[PDB]
Every structure is written in C-alpha cells, then in structure tokens.
Amino acid sequence: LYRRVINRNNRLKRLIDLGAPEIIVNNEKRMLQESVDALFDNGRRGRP
Amino acid sequence: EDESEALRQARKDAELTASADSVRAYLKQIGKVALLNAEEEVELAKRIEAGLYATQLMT
Amino acid sequence: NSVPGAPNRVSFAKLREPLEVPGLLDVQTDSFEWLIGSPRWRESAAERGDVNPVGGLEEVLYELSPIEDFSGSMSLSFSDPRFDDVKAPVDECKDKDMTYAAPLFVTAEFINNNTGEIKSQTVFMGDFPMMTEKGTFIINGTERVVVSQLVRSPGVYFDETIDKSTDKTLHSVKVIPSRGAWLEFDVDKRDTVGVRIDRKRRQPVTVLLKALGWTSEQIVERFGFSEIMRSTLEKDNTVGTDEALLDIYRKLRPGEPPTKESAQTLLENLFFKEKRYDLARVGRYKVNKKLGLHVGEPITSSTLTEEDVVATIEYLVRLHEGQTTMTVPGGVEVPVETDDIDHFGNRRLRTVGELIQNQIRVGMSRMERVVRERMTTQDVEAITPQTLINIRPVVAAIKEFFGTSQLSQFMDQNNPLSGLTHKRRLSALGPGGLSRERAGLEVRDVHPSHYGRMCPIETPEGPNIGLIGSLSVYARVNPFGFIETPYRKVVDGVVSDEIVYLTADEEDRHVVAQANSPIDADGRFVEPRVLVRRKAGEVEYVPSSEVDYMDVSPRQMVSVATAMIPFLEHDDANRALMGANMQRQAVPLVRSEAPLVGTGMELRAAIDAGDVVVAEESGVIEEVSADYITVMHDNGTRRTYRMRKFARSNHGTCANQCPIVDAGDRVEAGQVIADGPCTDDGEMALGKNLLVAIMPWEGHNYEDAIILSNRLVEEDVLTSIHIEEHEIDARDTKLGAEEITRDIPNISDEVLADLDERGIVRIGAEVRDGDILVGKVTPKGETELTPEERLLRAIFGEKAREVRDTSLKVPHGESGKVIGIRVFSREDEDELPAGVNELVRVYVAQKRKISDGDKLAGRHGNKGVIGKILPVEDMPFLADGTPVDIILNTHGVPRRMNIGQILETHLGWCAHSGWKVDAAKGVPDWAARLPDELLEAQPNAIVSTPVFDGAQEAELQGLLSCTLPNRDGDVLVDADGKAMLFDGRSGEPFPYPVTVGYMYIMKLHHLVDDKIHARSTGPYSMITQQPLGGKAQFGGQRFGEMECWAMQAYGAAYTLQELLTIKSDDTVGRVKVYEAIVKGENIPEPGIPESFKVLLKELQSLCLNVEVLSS
C-alpha cells in the first residue's frame, strides 16, 4: 500500500510538472485519494 | 422512441450517474471525445507546429 | 459371507439382504472414470443413458470448440482427448515426490473459412494427474484426497414468506443459475410484484414482458384471472417497447447513454446468451422438471429461454393465488408448491469429476481468451495450432486446484477406516459452498430426505457439526449429480427382488415401507398397518395393499463408520455420533486382534479400504516371505505382490503388512492375501478384547477415568509403533555452499560416535531429544568477534571456526531408533528444487507404550484418559484368579445413555467363554427365532451383530443362562451377568457382584507424549515481542483476556502485571528478570510493555496525535 501511495504521488508530481490536460490530472488525484483511502482503511469504500 | 423528450433527457440522466466504480467513471468520461481521422490529425499537428513556433518566437 | 477367505462370523441377523453392499469406493472411481471417459465408463453409460455417451473432458472440449475470430473466416476446434501411460508407478512417485500423472493428448483442427486448409495437430495438452485404484491422488509425493461437495443445484426455487404486519402471504422466486445474473420475482408488500434483476429494486413485470416483444394485449390475455398481475399491468405507466428497453437500461447498465438497439441486444447477451448466463446441464433439466417444459427431448441449449421466464411468471402468480396444479400451454401439468432448499432433491453433489471439470473449464476459458487474442495478431496461413496454443494456464489451473485448495485435503490415514471415511464424505464448505459463519441453524439440521442418502450420525462434533457428513452404505450418485438410493418395490403386497433406485424427489410420490418388516417370504406383511415413510417425511400407519416400496435392508440410513458399532439401536444419538468419530482416530497396534463382537461391515470395510493385499487372479502360492509373495496363477504365469513394511502414514503411524498365507495353499480371486495395519484375517480390527469390570474402584476411575492392569504394558497389548520424518536441505547461498559433513565445530565425541563420515546417523542407532541428526555446516560469513572470544582462543589455541553449525537436531521431547535415510542431490542427477543441492530425510521410530494420559475409548461413545496403570496384584479377580484388565466407572453409563456397550460386554463374555443351548427337549422359547449353528459356540468364538437387526434382550439373556466353562467347572457369571470377584488390595471378597465381560477397546491418536509442552524462555515474534505459539515452535500458552477477568476478580494485581509485562513483553524486563533469578537476586520492577509502544506508533501512523503526558 505504501508503494502504491508513493507511485501515485510521484506520477502526479510528474503530471503536474510536465503539464497535462485536466482530465488526466483529475484521474491521478482521484487515484491518490483512493490509494490513501486503501492505506488508511481498505474496503471501507468500494471493493477492497 | 427517440424524440419527444423520451430519449434525450434519458441520455443526459443515464450519463449523469454516480458511477461508483472508478474505472467505470473513467470510461464514462472517456466516452465524450469523438475519434479522429488523418486530416484532423495533420491539421492539429499544424496547429501544434504553429504553437511551438510561436513559443520559440516568444522565447 | 460370499468372500473366499471370510472367517466364520456367525450372525444374529433375522432377514436376508437382497443385494450385497456396493464397493464403497465407487463414488471416487466412477466419477474419475466419467472424467477420463474410460471404456469401463463407456460401457457403463451404454445401458444407463447411451443417448449421449460423453466424458467430462469430451464435454468441455466440445463446448469450447469451435473458437473463431471477429471475421469468422478462420477458426480452431478441439477433439479426440487421448490419454497416455503413467510416467511412473505409484510407489516411486511416492518416493521421489512426483505427482502420479500421465500426459494428455488432444487433436486440434485448424480451419480457414476464407479459402480452406486443414491442420490436424496433436498438441500436448499437459500433465494430467491420475486417480489410483484406492481413489487417492499423489501430489509431490504426498497422498491427497478430494471430497465431494454439497451445493444448491441451479434451477428455480419458489418460497413463501409472512409479512408479519397484516399476515399476508408472499411468494418469491430465485432462479439461481451457475455463472449468470439472478432474477428475483415476488409479490411485494403492496399488491404489485417485484422483478429484481441483478439487485435493482424497481420496475415490476410490466417492463419485462413488454421488453420481450409483447404489448398490453399479450399480458392481458395470459393473465385475466390473476387480479394481482392485472393491477400491476394497469399500473404499467409505460407504453412502448423501446421505452421499456431504455427503462431497463436505466437499472441494468447506468452510466452510458442508451440507444435503440443497445438494450435489445443487452437483454439477450445478459440472459439468453450462453456465454454470460448458462445454467449447467443439471440446471436446464431441473427447470424442465419443475415447470414441465420438455419431458422427452434431449438436453441442449443450456441458456435460459423465454418460455421458461413466462412459465416462472405463471407458476409464481398461480402460487400466490393458492392454486394446486399449473398447466403451461405446451407442456405437462405440474403441481404448485414451494421448493425446499435443504431437500436432497435440490442439493446436488459435486464429486471429483465436477470439481476437476470446473477447474478445466476455467483453464479452457483462459485458453480461449489467449488463443482469441493470438489468432488475429498473426497473418493468415502463417499461423499454426501449436503457436495458437500455450498450455500454461491449464496446468496452472490443475496445480491450483490440487494444492492450496480446501476441498482437496491431506489424506486422514491412521487406520483403514479413516481412509475409507475421508473419501465418500460429503462436505459443504469451499468455493460455491457456505462458510461456518455463513451457515445458519437450519442447514446443520437433519432433513427427512437424508435417509438412505447421507448418514445422520457421522458428523464431527466441532464447529463443523452438520456441515460435513458421510455417504450412506447403499447410496449411489446418479450420472446427473443427484444422490440416489436403492429400494425394493412391493406390488399388491408382494415383495419383488427387482431393485430400483430412487432419488430424494422420487420418494415423495411413493410410500416406502419399514426395513425390518414381518415378511412371510410371500411378500405379505402379517399386519395391515406397517411403519412407512410418507411424502413429507411423516411416519404413520397404513394398510399393506397401498404401499409400493420398502428399504432394501436395515442399516441403509447409516454410513460405514457407524455400521461397525454393535448394538447401535440401544445408544443415544450423541454417544453414537462420538463413537463413530473416535472409530476414525484409532491407532494401528502391533498385533491387531480381531474383535469378538462386531458387525458384518468390518470385513467389507477392511477389504475395500485398499490396504490389504487381495489376490486379483486365483491360483496356488509359489512362495511366501515377509517382503513379498509369489503366487502362481492357473494359466502358467505368476505374480509377485511386493509387501510394504513399516511405512509412515500421513499421521506418523505404522503401516506394516503381514502375510497370512502359507507356501502351499490355494487362494481364490478376491480372497485376502495379507493384512494391513489394523486388520486381522482381512477384517477390521482397531482395538483389543479386554476383560472389563464396571465397578468404580477407589476413585482412580472417577469422572470417566479408566484404570488398567500392568499386563497390558508387559504383554504389549496396547502399544503402537510411531514414525517421524525430519527433512533437512543444504542449498546454495551467497556465502558459498552448505556441506553435509562431519566437520562440525565445537562438539564432543560421545555424540559423534553414531555418525558416519558421510555426516549422518548410522542406521539402527538410538537418538533422543537434542541429539544431532545430520551434520550440515553453513558459512557463517562475518560478525562482531568479541574480544573475549580472542582471549578465549588465546587460552586454548582454538581455531576461529569460520562456519556456523546450524545442524539438524532432534526436536524437544522425542526419541527412538532410526528406520531409514533417504538422500538426494544434484550430482545424483535428481529433480531437486532449484536452489537446493542436498536434501536428506531421516525416519526415526519409537515403540510408544501405553502410559498415563493416553486416551482409550470404546465404539459406543465412552471415552477417558488412563487414570493409572496399577500392578496385577491390585486388580479385582474372579474365583478363577484371572485379573481384570480395564476398569471403567459405573456412574457414566446410565446418565450418558450408552447402555448398548453393557450389552456388548455381556455378549462378548458369552462369545469368549463359549456357550451351548440344550436342545434335548426341543429348542427353548427364546431360541425359536435364533438361527441354527448359533445354539453352539466354542470358546473364543467370534460373533456378529447387525446394527439394527441384532441379538435381542431375550436371546442375550438366554445365552447368558448357559455359558459353559472353559477348563474347570466354574460358572463365573450368574444368569443376570454379574459375577463375584475378589479384591486384590485388601483380599476379602467384594460385598456385591459386579458385571464383568470382554469389551472391545481402542487406543486413540491423542497420546500424552505428543501433548505435553512447556517452555521457560523461547523465541519471540517480530512485530510484537510476545512469544510464539504451537508445538513446532517452542510455544507458550495464551493468557487471554478471559483469564485476565479471573485474575482481576481475584484482586491479584502484581501477578497480573508480572504475567503481562516482564513474563511476556518487556524485553529489558525479560533479560533483567532472567539475570536476577539466575544470580539469586530479587526480581526487579516490571517495565512498560513493548506492544503498547507498538500500538502508540501504529495510532500515530493513522494521523492521530497521541502523546502521553507526565503532568
């Protein structure tokens, strides 16, 4: 889970620094939110 | 059938759904931009060439 | 009898059995035969459904083929599944740990519809594990057994419910097909209906029937009598087929705009397409029977059809009207009733064939996906089936099934009965089943349909009670997955020999009679009223002329583990249950004396358990030896049975096989040649015949305790050979290589005496707890060499000893002699796992004698540990002077309701002392129905007693009356069973006589040697510093919060804090306490537990600012 968090955060950093259309940035931010979600409480929201 | 308010707002409401599955929501959103052909690709490439040329001129 | 080498077992049975018990392994062998499609199974279906003779593999291949591309101009098909000879015979695959398996071959047809070319390539499908003659698979050397599973057969299930508000009845349906989307049709709380599709709570039937191409006229024509559905159709509020389709699209696939054609094709692809909704071949026929759709048509089109839906609607709506019979337009009439989910007509049995079929189906689905991906990416005419095929997922799926799956488990083999009962056992947990937490109270109960199919007694006492059971003795599995039992059919009060087989549902429409009925040999019961089993499981009286079926025999409702209990009908159900369960866990002794009193099922159970050598072909014996037997058949050729001596069972017991034939005898095909672990003369023998007095003796047999005489210890009556194995492997490592060598650092010589220069213990050498077994030395690498170590070597001249001696040592608390050493290595060109290059396994055995704490039990539910083994002097002895061997308490038998074993005791004494009934002035009144040849019995004569038709009280009393003595003139026991006996402690006779007699006792596999454990300072876990748990690890007893409650209630605070902090957790506390107690110093103040700090850090990691404040 920590590796997933790190990967999502690093990819979001790359997306922001590079400059990407807002749909991909929003998708990455959603993935970051869901990854922190899984880290704190897996299966609380959606399929675990 | 298709007209007379039966299907238009039907499509709007069907698209405007919760989409609990994240992959489902992403696929719903990606179903919004039409595909492209060769002429559109080369025209957008010309536009990007002009944009980068203008950026170089600005620099 | 009817067995060539059957010992003369006289029987008290009154009536005869029309058929012999079938081979009790037929549910494992026949299912695998169906799976493979062997010629035996091929001819088996020739007269039992030859309408479509097809195997499981053939069925899967035919369903898979043909597979094509998106264009349809190019495709592949599969056919001709042909097997091959097994790679190696069973024993060698059990030796070097390879799966008993054979290659699988199939033919692939490549078609190219664009132009047309043929490519028939015989592709190697993989390595399919096979089933041995005993019905057990071998995986990686280990012997694994798969068990059948009980699941709800896919189909249609109507049910009734009370709203509990206005007491209105409601009827619901759940068409539950395998691999598909559910439909739940019901009547809602209000008048309209609910048509829940895939868990969406809207849209009554109005939109569904409309979506099927109909309109209001059809739904009003079909339903004018059902005012409920009339009100519903009036409340349609929707007009238009496309409108209904889009309304369905709302609640079937939201998130995507609908179109005119998307919903119409979506419905077909969801329900009427056999790729996303395919109720299995069982489900289609179940639906057809439930609705009368097709009554004489072959089975095809497994996908659900529209007429099925309309029939479901009609059936449900008529059920809500209280109607009795429904006649679907275009089909036979079917009675309307709710469907029970636990009735064995709705619970199928997935045998090994079905489970392996499902796994192969998953593998072939992956195969189809990968081949569909690959057939397009490559150009036409440059593509071949071999490159279209990548057999990896199929073998991956079979390996996934056979290992790390809870439905194919390690064989429970510590006696022949345990092996017999592990197979032919019905489970309910696993994939597709229900977990114990998911299991309610209703499922665990015994259904009236369990009779004759599944035994109602044999089931474990633990949490899994009722979830898993055992097959009956006469039960049969239909070729359809449903269970089925035989029964004789009586006509106009004439009993026929013709045996017909009925399932659970076919029993309701008939009336079966009592098993033991007063048959007059002409088929007519002497009284009109006979105990019969009605449609709904009700038992009642009924005249004879209208009954149409009878049980084939008594003990038809009971399994094979419970059919071995004498006087079963005199025992409570609970005690019979526990007795049947302890029969499974007896140990194989070194002599295995046959029981005096038993049942005819012991012979068959021993014979077909597969572990007794049976002469396949008749003929004279050429030669006999302990290792092998050479038998000369009549047709010139001979055959050598290689006996298996001292083999370790899966539970570490003995499996010796002693031949019981001579060098010049003649043996017939089917006669027992050699005995297994727990067999005497080819019949089951799980215990010993011990003389029993039932008095309570001085409190040493108090609270189910049992006392024994030292004769059992001295004469080795109850002693078991136990064998353990110790694997140890030397593997490659970055430090170099680990050597199996005697160059073991810092060891003495008296412990090096019993090792060979190869580095392992000499064969036949005694070891004990702590002794070294293999000398394996690993490069230690580097560490902090203590300066004190340097001064140590400077005082003696000791070398650095650059390697670490992690040799294999005997674990705590065992000993014994070594039996065998098996060594494998890479330079022996063996198939070792990648990484290891030596692997040696040592077998150590000890003759475990009987001591205090070992559990002994009868087969009647009475259990208990050995309270004491007191010498032969201190044993009550009869007037003849023979001391009693085992004494049990008398305060358990009347309260616990197991009086059957007292009758067994008396019958055993009669069978031991011998008897004769004086036939001078005719036969006595009690012996009139007693069969001939039972009026005379020599001393130590074996008898038999069928569980439900055995010796009655009057017959046993009469036998007890005349019990002729052996050598002297001494009738030790009186007519009432009790006998005088002299105290061995004080010497005077006991004031009152007590019952004595021979009882069959068995030693259970719960010996105290494998049950004693203790630790002072062992290892600890990683995250929390608590000590580990178990016997393999050094353990440490769990001091749970429930005991914390007791210690807090006592008011003892220092003891509790000690048990928590320093004794378990506080590391510095642990080491300081140990130092203080060794130094003879006062134990210091306990510190802070480490687990609390772990919790604090964990809570901090959860974004919770938690700080502890001093003030």
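Residues numbered from 1 in each chain as written, not as in the entry; some residues may be left out. Chains lettered and ligands numbered in written order. Part of a larger assembly, values for the part shown. Heavy atoms only, no water. Residues with missing side-chain atoms left out of burial classes, pairs and counts.

Looking at the method and resolution fields of the entry, one finds cryo-EM and 3.46 Å.

1. Describing the overall build of chain A
How we decide: The secondary structure listing takes helices from DSSP runs of H or I that are at least 4 residues long and strands from runs of E that are at least 2 residues long, numbered from the N terminus. A simple rule labels every residue: compare its accessible area, found with a 1.4 Å probe on the protein chains alone, to the largest value its type can have, and call it buried under 20%, exposed over 50%, or partly exposed in between. Accessible surface area values rest on a Shrake-Rupley calculation with a 1.4 Å probe, where residue burial reflects the displayed protein chains alone. None of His or the chain ends enter the tally, which takes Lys and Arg as positive and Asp and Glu as negative. A charge is said to be at NZ when it belongs to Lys, at CZ for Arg, at CG for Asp and at CD for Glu.
The number of helices and strands found in chain A is 2 helices and 0 strands. Its C-alpha atoms give chain A principal-axis dimensions of about 35 × 20 × 10 Å. Here chain A holds 48 residues, and the buried ones make up 21% of them. Carbon and sulfur atoms form 50% of the exposed surface of chain A, whose accessible area is close to 3,900 Å². Averaging the positions of the 11 positive and the 6 negative side-chain charges in chain A gives two centres separated by 5 Å.

2. Considerations on the overall build of chain B
The test is simple: Here the globule rule reads 2.2 Å times residues to the power 0.38, and the radius of gyration is calculated from C-alpha atoms.
Assigned secondary structure in chain B consists of 3 helices and 0 strands. Against the 2.2 N^0.38 benchmark of 10 Å for 59 residues, chain B shows a C-alpha radius of gyration of 19 Å, more extended than a compact globule. With the C-alpha coordinates aligned to their principal axes, the bounding extent of chain B is approximately 55 × 30 × 20 Å.

3. Quick look at helix α23 (residues 900-913) of chain C
Residue and element names in this part refer to chain C. Spelled out, the test is: An expected span of 1.5 Å times one less than the residue number is assigned to each helix.
For α23, which comprises 14 residues, the first-to-last C-alpha distance of 20 Å matches the rise-based estimate of 20 Å (1.5 Å per residue) to within 8%. Across the 14 residues of α23, 14 count as buried, placing the element largely inside the fold. The first or second residue beyond α23 is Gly-914, which carries a positive phi of 80°.

4. Section: the packing of helix α2 (residues 22-40) of chain A against helix α2 (residues 22-30) of chain B
Note the following rule: For helices, the axis comes from a line fit to the C-alpha atoms of the stretch in contact; other axes are also lines fit to C-alpha atoms, and the angle between any two N-to-C directions lies between 0 and 180 degrees. Each angle is binned into one of four classes, with values under 35 degrees roughly parallel, values over 145 roughly antiparallel, values of 65 to 115 roughly perpendicular, and all other values oblique. Contact between two residues is taken to exist if any of their heavy atoms lie within 4.5 Å; hydrogens are not considered. Polarity classes work like this: nonpolar for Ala, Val, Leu, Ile, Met, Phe, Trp, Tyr, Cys and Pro, charged for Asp, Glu, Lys and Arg, and polar for all others, with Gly in that last group.
It is at 12 Å that the axes of α2(A) and α2(B) come closest, and there the two elements cross at 175°. Classified by the angle between their axes, α2(A) and α2(B) sit roughly antiparallel to one another. When α2(A) is examined against α2(B), the residues A:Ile23, A:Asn27, A:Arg30 and A:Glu34 are found in contact with a partner set consisting of B:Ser22, B:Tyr26 and B:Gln29. Classifying every residue of the contact of α2(A) with α2(B) gives 2 nonpolar, 3 polar and 2 charged.

5. Some words on the environment of C:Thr653
Residues and elements named next belong to chain C. What counts here: Counting of polar contacts relies on pairs of N or O atoms within 3.5 Å, with two restrictions inside protein: one atom must be capable of donating a hydrogen and the other of accepting it, and residues adjacent in sequence are counted only when both atoms are side-chain atoms.
Looking at the element boundaries, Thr-653 is found in the loop between β28 (638-642) and β29 (658-659). Taking relative accessible area as the criterion, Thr-653 reaches 2% and is therefore assigned buried. Counting along the chain gives 352 residues from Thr-653 to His-1005, while the straight-line C-alpha distance between them is 9.2 Å. Here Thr-653 is in contact with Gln-413, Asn-414, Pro-588, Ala-647, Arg-648, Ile-721, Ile-723 and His-1005, once residues within four sequence places are set aside. For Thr-653, the side chain forms a polar contact with the side chain of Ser-649, separated by 3.0 Å.

6. Structural notes on the sheet that holds strand β26 (residues 619-624) of chain C
Residues and elements named next belong to chain C. Using the following cut-off: A pair of strands is treated as paired once DSSP finds two or more bridges between them.
Strand order across the open sheet formed by 4 strands is β28-β27-β26-β30, with antiparallel pairing between neighbours. Two strands bound the open sheet, and with one partner strand each, they are β28 and β30 (666-667). With 2 bridges connecting them, β26 and β30 associate as antiparallel partners. Pairing of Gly-619 across the sheet is with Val-667, part of β30.

7. Some remarks on the sheet that holds strand β15 (residues 347-350) of chain C
All names here are of chain C. Across the sheet, which stays open at both edges, the 4 strands sit in the order β15-β8-β17-β18 with mixed pairing between neighbours. Each having just a single partner strand, β15 and β18 (469-470) make up the two edges of the open sheet. Direction of pairing for strand β8 (residues 148-152) relative to β15: antiparallel, over a ladder of 4 bridges. Following the sheet pairing, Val-151 is matched in β15 by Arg-348. Along the sheet, helix α12 (residues 352-377) makes contact with β8 and β15, crossing β15 at roughly 75°.

8. Quick word on the packing of aromatic side chains
All names here are of chain C. Applicable threshold: We call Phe, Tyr and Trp rings a pair once their centres come within 6.5 Å, taking the six-membered ring for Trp, and we label the pair stacked below 30 degrees between planes, edge-to-face above 60, and tilted otherwise.
By the definition in use, this model includes 10 aromatic pairs over all chains. The interplanar angle of 25° and the centroid separation of 6.0 Å between the aromatic rings of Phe-877 and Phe-982 together place this pair among those described as stacked. Remark: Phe-982 occurs in the loop between β52 (978-979) and β53 (994-1003) and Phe-877 occurs in the loop between β47 (863-870) and β48 (886-888); sequence separation between them is 105 residues. What makes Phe-877 partly exposed here is its relative accessible area of 25%.

9. A short note on the pattern of salt bridges
Note the threshold: When a carboxyl oxygen of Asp or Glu lies within 4 Å of a side-chain nitrogen of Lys or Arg, that pair is called a salt bridge.
If you walk through the whole model with that rule in mind, you get 48 salt bridges over all chains. For A:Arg44, the salt bridge is made with A:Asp41, and the minimal N-O distance between the two is 2.9 Å. Salt-bridge contacts for C:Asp716 lead to C:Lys849; the nearest nitrogen and oxygen are separated by 2.3 Å. A residue pair is termed long-range when its members are at least 10 positions apart, and C:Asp716 in the loop between α20 (710-714) and β36 (720-733) and C:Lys849 in the loop between β45 (836-848) and β46 (855-858) qualify at 133 residues. For C:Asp716, a relative accessible area of 26% corresponds to the partly exposed category. On the basis of relative accessibility, which here comes to 32%, the residue C:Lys849 falls in the partly exposed class. Linked by salt bridges that have partners in common, C:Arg9, C:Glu602 and C:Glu683 make up one network.

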